[PDB]
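What follows is one structure encoded as structure tokens, with my remarks underneath.
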Amino acid sequence: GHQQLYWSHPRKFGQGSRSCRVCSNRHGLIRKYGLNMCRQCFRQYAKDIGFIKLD
Amino acid sequence: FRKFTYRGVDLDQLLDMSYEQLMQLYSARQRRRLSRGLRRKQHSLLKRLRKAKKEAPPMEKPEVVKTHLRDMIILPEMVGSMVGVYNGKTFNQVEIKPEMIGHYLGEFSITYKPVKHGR
Amino acid sequence: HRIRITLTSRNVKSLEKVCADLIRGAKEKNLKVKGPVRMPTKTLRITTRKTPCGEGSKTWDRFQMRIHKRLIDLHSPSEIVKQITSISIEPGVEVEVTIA
Amino acid sequence: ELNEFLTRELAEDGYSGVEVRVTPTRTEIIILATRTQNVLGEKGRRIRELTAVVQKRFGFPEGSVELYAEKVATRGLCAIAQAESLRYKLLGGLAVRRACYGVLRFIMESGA
Amino acid sequence: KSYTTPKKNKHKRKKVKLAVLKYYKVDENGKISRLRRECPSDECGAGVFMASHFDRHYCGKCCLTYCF
Amino acid sequence: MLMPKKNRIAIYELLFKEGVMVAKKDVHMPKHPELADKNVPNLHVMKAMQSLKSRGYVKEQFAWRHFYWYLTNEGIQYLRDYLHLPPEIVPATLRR
RNA sequence: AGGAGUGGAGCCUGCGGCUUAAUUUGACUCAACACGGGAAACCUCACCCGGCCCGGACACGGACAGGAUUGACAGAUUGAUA
RNA sequence: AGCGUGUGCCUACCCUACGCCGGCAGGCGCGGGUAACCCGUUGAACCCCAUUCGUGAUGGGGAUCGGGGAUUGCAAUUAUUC
């Protein structure tokens, strides 16, 4: 009644269905190579992932 | 002196038709609306509007029982149901017929208030 | 008895070392050791806007993550190479040793 | 992610990142710090507590992961090992005009 | 700030005192005169009683709707 | 809030036997990833371990979206008493 | 110097204005305006017209373990198997 | 032709050959591929080749709209997209 009407979205597609791993924000997820990262956090912490602007 | 004119299926033939011959009767936009079959989730409210479709009141202009489902279809079974189709402000009430049929309820409802320009 | 020692490195100084030091030392043990096979680069290109917001000009990043793969052909049972490998291990290269 | 999380806790002991190496069914995850008398607390206590911190979250077996710590060789050079120096001197509550010129002099002491 | 929509309460529930006197009947002998139905449900033994509603009798946690 | 009083001690064993534990921050995960032995959803595991937080018997640490428990040595008095365990025996975090 | 263009036509979409239950909003000279990696049927979503759990940690206590409060279906309502 | 991507902690949603049904978008089997291995030898488009149309808003132009036909979806009417 409340509990069944608490998670009643089909949560298998849409930018709202997925979520960020750092921030839990529903915009700008890097869905290339399954980084699944808010682009603002990717920028900061890509230095210690291995992504470096060599060119 | 001519009646409502459907494909080649009258209203008695429409009211009593199996739900797999009914699939080959209306447009593909309405075929795959009702090809998938039954529903287990909150879409058991269409079942509950089929259950509320048998709220045909006594001999009178029939009452308005509400539907907050604009994806609900103008089914030929429904014909004889004054309807409460919500559009964010006002529940519309347009009398239904064989002419309407094979279409969505939300069509005959204006979600956006009609636009008029000033200066 | 084809051992197929997969050498995938982010760095060149270690991909040169791990491939060479498992041959340079494996010359003294006199086993029929081959040179390291090459695989082409995979430049994992993620091009992000520098700005967190949508204002200013559109200065794009070009985050280049190159990854390389080598493997060395052998005529050897497993234990002979295992005596050489785990001595002097460095963080760079992922050594996945194939038996078959 | 592991670099982010440990920085939130190990700031007081001079966090510098890791000198990590991978081995088959063992893990040399060095938490290379500056002051390691309170990375342990009571004779390797907090080091034993730091084990299943990392092991549990990422779905690792038991026996592989083992966490060591040293002093950073000339620990005045690593920036985040001396950002901790200006963190807990300004959170301590000395004026910025003194707590900086000590640590600026500390790297001319360390031959920067 | 003061809103227009009338503010909405939450009801102080019907909490029942001295429960055991009505569950069964009292008796002079060692037995007890049972009024309500017992629990033939799968999840519990013999502890749960079945209610006195108008249309049928209802168990606590089995969620089974009987008839006349 | 409603819990099972049974399913409070399905939280407290893994806290006790090793003095550190993990849980991802989310409301909608009925099957807890480490604790599938008993049905305790992620939202109920969150609310069970933040009841001990404010009275300061466990220090709560947070990464990206993940719960962590530096079980303080003030939580050892109450959780050998209430968990009903001898004062001699120690968790696997006091082992040599 | 010249080339391809743009402004001209129709459409795509960002902005203003007018409308609206809400037509969310940030940004307005190059350094706002297919910009927020924003191509929003739902989620996202901010806004609106409807309805819920308190998801009010914890401290104290008039009140509580001869019962505090709790989740739990017909049916009238209901969008509802709220 | 050349950048390239492709089976995902949460995670389900991958790339598609080849064979059958059908004009179409598409529906259905057996396999590969965590990939210099499989799609793919990426038979890319343009122009090139040869037919055809004839200075007219025409066979230029493809807007607006009607009826079907499937897919995606939990669902698309304020036509998703084809």
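The C-beta contact set for the stretch B:92-116 (first residue more than 6 Å from RNA strand H (Cβ to nearest atom), second residue not in a loop (DSSP other than H, G, I, E, B), distance under 6 angstrom, 6+ apart or interchain) comprises B:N92/B:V85; B:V94/B:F108; B:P98/B:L11; B:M100/B:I74; B:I101/B:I74; B:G102/B:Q30; B:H103/B:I74; B:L105/B:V85. Among the numbered conditions (1) away from chain D (no Cβ under 14 Å); (2) buried (at least 18 other Cβ atoms within 10 Å of the Cβ), the only one that F:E88 does not meet is (2).
Within the stretch E:1-38, can you find the residues that are surrounded by 10 or more Cβ atoms within 10 Å (Cβ to Cβ) and away from RNA strand G (no atom under 14 Å from the Cβ)? The answer is E:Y24, E:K25, E:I32, E:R34, E:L35, E:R36, E:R37, E:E38. Within the option set D:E12, D:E19, D:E42, being over 24 Å from F:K24 (Cα atoms), under 12 Å from the mean Cα position of the chain (by Cα) and within 14 Å of chain F (Cβ to nearest Cβ) holds for one residue only, D:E12.
Of the residues making up the stretch B:80-99, those that are buried (at least 17 other Cβ atoms within 10 Å of the Cβ), within 16 Å of RNA strand G (Cβ to nearest atom) and hydrophobic (A, V, I, L, M, F, W, C) are B:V83, B:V85. When the stretch C:39-56 is filtered for residues that are closer than 26 Å to C:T6 by Cα and either more than 7 Å from chain A (Cβ to nearest Cβ) or acidic (D, E) (or both), the ones remaining, listed by number, are C:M39, C:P40, C:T41, C:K42, C:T43, C:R45. Residues of the stretch C:57-83 that are away from chain A (no Cβ under 14 Å) and more than 18 Å from C:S9 (Cβ to Cβ): C:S57, C:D73, C:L74, C:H75, C:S76, C:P77, C:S78, C:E79, C:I80, C:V81, C:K82, C:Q83. On the basis of being within 23 Å of B:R7 (Cβ to Cβ), touching a strand residue (DSSP E or B) at 6+ places or on another chain (Cβ under 9 Å), among the small types (G, A, S) and more than 8 Å from RNA strand G (Cβ to nearest atom), does B:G102 make the cut? Criteria met by B:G102. Considering only residues that are in a loop (DSSP other than H, G, I, E, B), of a type in the set (A, V, I, L, M, F, W, C) and out of contact with any helix residue (DSSP H, G or I) (no Cβ under 7 Å at 6 or more places or on another chain), which ones fall in the stretch E:39-66? Within the stretch E:39-66, E:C39, E:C44, E:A46, E:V48, E:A51, E:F54, E:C59, E:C62, E:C63, E:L64 meet the criteria. Within the stretch D:15-32, one or more residues are of a type in the set (G, A, S), in a loop (DSSP other than H, G, I, E, B) and touching a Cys at 6+ places or on another chain (Cβ under 9 Å). Considering the stretch A:17-54, the residues that are among the hydroxyl-bearing types (S, T, Y) and at the interface with another protein chain (Cβ under 10 Å from one of its Cβ atoms) include one that is farthest from F:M29 (Cα to Cα), namely A:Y45. Just to be sure, is D:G59 over 29 Å from A:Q44 (Cβ atoms), of a type outside the set (V, I, T) and within 14 Å of chain F (Cβ to nearest Cβ)? The answer is no for D:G59. Residues in the stretch C:27-77 that are assigned to a loop (DSSP other than H, G, I, E, B), more than 16 Å from RNA strand H (Cβ to nearest atom), surrounded by 12 or more Cβ atoms within 10 Å (Cβ to Cβ) and of a type in the set (V, I, T): C:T51 only.
Do we have any residue at all in the stretch D:45-60 that's part of a loop (DSSP other than H, G, I, E, B) and either more than 21 Å from D:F5 (Cβ to Cβ) or within 16 Å of RNA strand G (Cβ to nearest atom) (or both)? No: the stretch D:45-60 contains no residue that is part of a loop (DSSP other than H, G, I, E, B) and either more than 21 Å from D:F5 (Cβ to Cβ) or within 16 Å of RNA strand G (Cβ to nearest atom) (or both). Could we say that E:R56 is within 9 Å of RNA strand G (Cβ to nearest atom), free of Cβ contacts under 8 Å to residues at least 60 places away in the same chain and exposed (fewer than 10 other Cβ atoms within 10 Å of the Cβ) here? Taking the combined requirement at face value, the residue does not satisfy it. Looking across the stretch F:50-96, just one residue is basic (K, R) and assigned to a strand (DSSP E or B), and that is F:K59.
Restricted to the stretch F:33-77, and to residues there that are away from chain D (no Cβ under 11 Å) and in contact with a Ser or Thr (Cβ under 9 Å, 6 or more places away or on another chain), the residue that is surrounded by the fewest Cβ atoms within 10 Å (Cβ to Cβ) is F:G56.
No value in this document is a laboratory result; all are computed from the given coordinates. Because the Cβ atoms are built from the backbone with ideal geometry, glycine has one as well, and the counts that use them run over all protein chains shown.
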